[PDB]
């Protein structure tokens, strides 16, 4: 059916998003700078590692549904909807970019969970339901770095 095919389409996009989001996190991990270096270097590795784990989950979900994941490295940027990071960025800009990307993924996961549910694919709906919570945690952490008036440094 087209709903089942639709589910496979969501998994490819979601998987590609996980790959690009992970690579973005590595960029921030490597290129972060300033007095917050150790803290942020760690933040980006930690949240990056959680996104990383999703790559294999989303890819193998396609296989479990008798489909194929994205696999050719050249295909990732063709199917991803997350923005691949480009150019020199300030730490503030890295965090802003990460939040925007997380918000896109969160919106997509809710949409994709609904598609899976309509397809009767309770497993894929559950996968998205679990993974979206990690994104919501990442978004919260990142947003806090952007708050001011802490009375110590902002």
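Residue numbers count along the first chain shown, from 1.
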For residue 120, the third of its chain into which the C-alpha B factor falls: highest
Third of the chain, ranked by Cα B-factor, where residue 114 sits: highest
Third of the chain's Cα B-factor distribution that residue 146 belongs to, per the entry: highest
Chain-wide C-alpha B factor ranking for residue 127, given as lowest, middle or highest third: lowest
Residue 66 CA temperature factor, ranked by third within the chain: highest
